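Q: Chains as they are written, first to last, in the entry's author numbering: chain m, 2 to 117; chain F, 8 to 185; chain O, 4 to 122; chain x, 311 to 434; chain 6, 1 to 47, 56 to 68. Below you will find the structure I want to go over with you.
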RNA sequence: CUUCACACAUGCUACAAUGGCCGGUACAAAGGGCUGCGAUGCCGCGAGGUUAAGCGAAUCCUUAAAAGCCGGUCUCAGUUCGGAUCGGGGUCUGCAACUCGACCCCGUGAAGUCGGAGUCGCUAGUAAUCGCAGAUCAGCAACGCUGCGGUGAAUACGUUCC
RNA sequence: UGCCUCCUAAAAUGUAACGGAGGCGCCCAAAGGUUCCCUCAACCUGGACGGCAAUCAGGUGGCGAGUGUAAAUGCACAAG
Ligand SMILES: [Mg+2]
Ligand SMILES: [Mg+2]
Ligand SMILES: [Mg+2]
Ligand SMILES: [Mg+2]
Ligand SMILES: [Mg+2]
Ligand SMILES: [Mg+2]
Ligand SMILES: [Mg+2]
Ligand SMILES: [Mg+2]
Ligand SMILES: [Mg+2]
Ligand SMILES: [Mg+2]
Ligand SMILES: [Mg+2]
Ligand SMILES: [Mg+2]
Ligand SMILES: [Mg+2]
Ligand SMILES: [Mg+2]
Ligand SMILES: [Zn+2]
C-alpha cells in the first residue's frame, strides 16, 4: 500500500509499518497514528483507502520525508565542505567528525583493514 | 473517441495560429507517433525478456511490442549480433491520444518525488524524449506479479519545424515543464 | 515528407521490374498507373517508345458507371481490351506500375482477360 | 553444483498436508520441516506420491488442506520431466542457453560453452 | 497480426481520490481503475544562516 | 598530550525467542551529603528549570535497585535483533565546550548470523549474569578501579600425558 | 613440388627466376531455387540505468558498410 512512494510491506503491524518511511521512526509512528485515529495493532493489509487519505496529509504537512529530507542531509554536509570548517575537512577524508578516537578504531568511517 | 484528440482540434489547434503566424492550416503541428522502448541491456545474459519486457508493455501500451535484435557485436558488453537486446512498441492514431492522456493524467505524477520534466530535452527539430524509473507509475502492471524493475524512455514525435514551436504544442497537451 | 517518400519509392519498384519486362511490337506492355481517384493504362511498345492504345477513368464513359472504385476498374479494363484488338494486338505483358498486384489493379487485368488479351 | 545465497532457518514448513486426485488419498496428516545443510531422501514404492510431493513445494500443485510455507531466504531449483523438458530438434547448446553467449548461474557470469563443457559436452 | 495477438483493450472508467473522473480505454480487467493522485490534485500541477541565528539569540 | 595506510593488549555492547518491546507489580546491602544533599508543588516529550520544607545526618535527602513475577504483542527476518556513523534541534557545568566534555530529544539504522591457528578464568554462595554506591571531581570521555548485595549452577574416575 | 588471386607482364592473349604478397585439400538442407519488400557505414542533436560504442527518436549521408571463405574483377538497378 503506497503511502508516500515507499510501498509499505504487506502483513506488518502499522506501528512498525510507518517506520520504513525515510524520516519516521518509532516515536513519530505513534503520533501519526494518534492524530488520525488508527489503532496501533492493525495489519497493513486491512488498511482502508479512506484511512490512507488521513495519513497522506498529516505527514505532508507536519513531517519531512523522502527526497526533501534526503536533499537536506546531503546539503547540510555540502554546506560544511566549501566553507572550510573543521568538519568539512573531516568530511572530505572520511574520518569521524564528532571528536572520535582515530588511533585504534573508526572502522565505520573508514573501510575494512588495509594491512600494510 | 478519445478526449485529448477532440480537445486538440477544439482549442489547441486554434491557439497555435495566434502564437505563430501560419499562413495555411496545413502547417499546424501535430504529434504523429509516440515510441516507447525498454532497452533491456541485461538480456545478453539469462535470456528472460519474454515475461520481462513483452508481458508488461502490452499491459502498459496496449499492443505486443517488437523484440529488436542487435546490429553489431561488442566485446565489452558481452553480446553478439542478432541477440535480443531491446523491446519497442509504436503508438499511432487513437491508441496514441489515449496514451498521452493516460500518461499525463493518472500515470506521470506517480514518479517518486516528482518535480517536472525538463524542457531542454528537444533534439533540435521538435521531437521530445524523456525517461522513467520502473514498472511503478503505470497502473496496469501490478507491483506483485512482476520480475525485476526496469525503466524506459518515451519518444514524442511532432510535425513541428523548430524547438519552441514543438514546445508550445506539448505545453497545451499537459506536459509539466519547469 | 510522406508524399516525397511515396514517389521516390515507387519509381524504384517500377524500375525493379523494368529490368526484366520490356514489351515489343508483337507483345506490348500494359502499364498501369493508379491514383486515389482514377486509374490510367497504356500499351507502350518499348522499342521506339510509342503508345498504341490508352484508356482511363477520366473520360465520361467510365465516369458514369455505378459502384465502387473496383467497379470502375472493370470498365477501363474492358475498354483497352477492345481498343487493342482494333490495333491488331492479342498478347501483352502486364506492368504493375510499382504497385501491389491486388484490388483495383487485379480487377483491371482480370477484366481484360475475359475480353481478348491473352496473358 | 553452484552455491546459492545464504540460507536462513526456515526452509520448508509443512503443517498437516493433504493431497489427492480422487477418492484415493496420497498424503494424509503430514507434518515435517526440512532442515538446513542436509540431504533428505524420499522413500516409497511406485504410485504413492513422491513426485506430487515436490509439486506442492514448488507450488505447481495446491494442497487440499493444510499449508506449505517456504521462507524468505529460500530460492528453489527444480524442473519437471514432463511439462517442458527438452525440445527434440534444438541443439544441446541452445537448450542450456537460449542462443546466448554468457549466462547467469546465480549472481555470477560464466560463458555458456564453458558451462556445458563443465558438464561433459565438449568439443563439437 | 491484428487478430488476437494483442491483449484486450476495452473502455475504462477512472476515478481519483479528489473526485475527478474521466473515461479512456485501457487493458485493466473490469475497466474500474481507481487512482489516489491525478493531474488535478498533485503538487507542481497547481502550486540562510543569518536568519536562523536571529531566532535563537536575537539582534546585538 | 585526543594525530592515523596500520599492528598487539585489557574490556564493554552484540549477533536474538532461555529474546525484544509495551502495560502492571515484589524483594536488598554497603555507602555519600553545608563552597553541599534538593523533598514536595508547578513548568518541560526529555536532559533539566523554578520555588523551598527538612538535615552536619540510624531522624532529612541521595532512594524508583535491576534481574524476577503476571499479562499482551512480534513469529525467525540483517527483523519490532544490533545501536555504530551521520544530519538537525536542546540542556548543564565552567571566564570559555572549535580543536576536545557528558547528558537528552527527533531523524538516519553501519559491521555483526556464535568467530582460523592458538589461547584464558573458575572447585560453592564459586562461576555465569543483574543492578547499586564510593574515591579522584566544576563537569567528564567511568565500559576502568576499589567495594556492595540479588538470583544462582555443572562437574572432579583419577595422576599416564602438558 | 599440384590447385586459386594479384604485382613482376613492357595498355589483347601469353611470358621466366631458390623474384615480391596471400590463400586452398572446405563450408551451407539454406548461406540453394523463386516471388515480394527494404538500404548501408560513419558522423551530429535529444534520451532511465547507458559509458567513445547495446537499444530508441530525428537530421545529414551515393557508397567510404556489407559479400561463409585469400585476392582481384564486380555488385547500391543491388549479386548486400
Ligand atoms: Mg595519554
Ligand atoms: Mg532495539
Ligand atoms: Mg517493565
Ligand atoms: Mg510531567
Ligand atoms: Mg513473559
Ligand atoms: Mg536469526
Ligand atoms: Mg553482511
Ligand atoms: Mg583452589
Ligand atoms: Mg564525579
Ligand atoms: Mg596483359
Ligand atoms: Mg603488350
Ligand atoms: Mg602454403
Ligand atoms: Mg531464401
Ligand atoms: Mg539477397
Ligand atoms: Zn485528484
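Using N, Cα and C, we set each Cβ at its ideal position, and we do this for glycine too.
1) Give me, in chain order, the residues of the same chain whose beta-carbon lies closer than 7 angstroms to that of residue 411 (chain x); leave out the 5 immediate sequence neighbours on both sides.
2) In the DSSP output, which residue or residues are listed as bridge partners for residue 420 (chain x)?
3) State the start and end residues of the unbroken beta strand (DSSP E) segment that holds residue 343 (chain x).
4) For a cutoff of 8 angstroms on Cβ pairs, would you count residue 97 (chain F) as touching chain 6?
5) Is there at least one Cβ from chain F nearer than 8 angstroms to residue 47 (chain m)'s Cβ?
6) Under 9 angstroms between beta-carbons, which chain 6 residues line up against residue 39 (chain m)? List them in chain order, please.
7) Quick one, are the C-beta atoms of residue 34 (chain O) and residue 93 (chain O) less than 8 angstroms apart?
8) Relative to the C-alpha of residue 96 (chain O), which candidate in 4 (chain O), 8 (chain O), 5 (chain O) and 29 (chain O) has its C-alpha closest?
9) I need the DSSP call for residue 365 (chain x), collapsed to helix, strand or coil.
10) Taking the alpha helix (DSSP H) that residue 5 (chain 6) belongs to, which residues open and close that run?
11) Whole angstroms are fine: how far does the CA of residue 54 (chain F) sit from the CA of residue 408 (chain x)?
12) Beta-carbon of residue 24 (chain 6) versus every beta-carbon of chain F: anything under 8 angstroms?
13) If the cut is a Cβ gap below 9 angstroms, which residues of chain F does residue 38 (chain 6) touch?
14) Evaluate residue 19 (chain m) with the Cβ neighbour count: other Cβ atoms within 10 Å of its Cβ, from every protein chain shown; 16 or more gives buried, anything less gives exposed.
15) From what residue to what residue does the alpha helix (DSSP H) around residue 34 (chain 6) run?
16) Any chance the stretch 61-80 of chain F sits against the stretch 42-51 of chain F, with 3 or more Cβ pairs inside 8 angstroms?
17) For residue 56 (chain O), does the three-state DSSP call read helix, strand or coil?
18) Which residues of the stretch 392-417 of chain x have a Cβ closer than 8 angstroms to any Cβ of chain F? Give them in chain order.
19) Name the chain F residues whose beta carbon is nearer than 9 angstroms to that of residue 28 (chain 6)?
20) Pull up the distance between the alpha-carbon of residue 37 (chain O) and that of residue 108 (chain O), whole angstroms please.
21) Check each candidate in 119 (chain F), 66 (chain F) and 60 (chain F) and name the one with the smallest Cα separation from residue 37 (chain 6).
22) Note down, in chain order, every chain F residue with its Cβ under 8 angstroms from the Cβ of residue 419 (chain x).
23) Roughly how many whole angstroms lie between the Cα atoms of residue 41 (chain 6) and residue 18 (chain 6)?
24) Is there at least one Cβ from chain m nearer than 8 angstroms to residue 150 (chain F)'s Cβ?
25) Residue 117 (chain F) and residue 150 (chain F) look like a contact to me (Cβ under 8 angstroms); what is the Cβ gap, rounded to whole Å?
26) Considering just the uninterrupted stretch of the beta strand (DSSP E) at residue 1 (chain m), what are its terminal residues?
A: Walking through what the data contain:
1) 421 and 422.
2) Bridge partners of residue 420 (chain x): 413 (chain x).
3) Here the beta strand (DSSP E) through residue 343 (chain x) covers 337-344.
4) Not one chain 6 Cβ lies under 8 angstroms of residue 97 (chain F).
5) With respect to chain F, the C-beta atom of residue 47 (chain m) has no partner C-beta closer than 8 angstroms.
6) The premise fails here: residue 39 (chain m) is roughly 17 angstroms from chain 6 at the closest Cβ pair, so nothing lies under 9 angstroms.
7) No, the pair does not count as a contact, with Cβ atoms beyond the cut-off.
8) Here the closest residue by C-alpha is 29 (chain O).
9) DSSP places residue 365 (chain x) in helix when its eight states are reduced to three.
10) That residue, residue 5 (chain 6), is in no alpha helix (DSSP H); it is neither H nor E in DSSP.
11) Straight-line Cα distance between these residues: approximately 6 angstroms.
12) Contacts with chain F at 8 angstroms (Cβ-Cβ) include residue 24 (chain 6).
13) Below the 9 angstroms Cβ cutoff, chain F contributes 112, 113 and 116 as neighbours of residue 38 (chain 6), in chain order.
14) With a threshold of 16 other beta carbon atoms within 10 Å, residue 19 (chain m) meets it and is buried.
15) Taken as a continuous stretch (DSSP letters only), residue 34 (chain 6) belongs to no alpha helix (DSSP H), being part of the beta strand (DSSP E) at 32-34.
16) Touching, yes, given that three or more Cβ pairs across the two stretches are closer than 8 angstroms.
17) Here residue 56 (chain O) sits in strand by DSSP.
18) Of all residues in the stretch 392-417 of chain x, the ones placed with a Cβ closer than 8 angstroms to any Cβ belonging to chain F are 407, 408, 409, 410, 411, 412, 413 and 414, in chain order.
19) Within 9 angstroms Cβ-Cβ: 66, 146 and 147.
20) In a straight line, the C-alpha of residue 37 (chain O) is about 8 angstroms away from that of residue 108 (chain O).
21) It is 119 (chain F) whose Cα lies nearest to the Cα of residue 37 (chain 6).
22) Those within 8 angstroms of residue 419 (chain x) in chain F are 52 and 85.
23) About 6 angstroms.
24) Residue contact with chain m for residue 150 (chain F): present (Cβ-Cβ distance below 8 angstroms to some residue of chain m).
25) Actually they are not in contact, since the Cβ atoms of residue 117 (chain F) and residue 150 (chain F) sit about 11 angstroms apart, beyond 8 angstroms.
26) Any question about residue 1 (chain m) goes unanswered here, given that chain m covers just 2 to 117.
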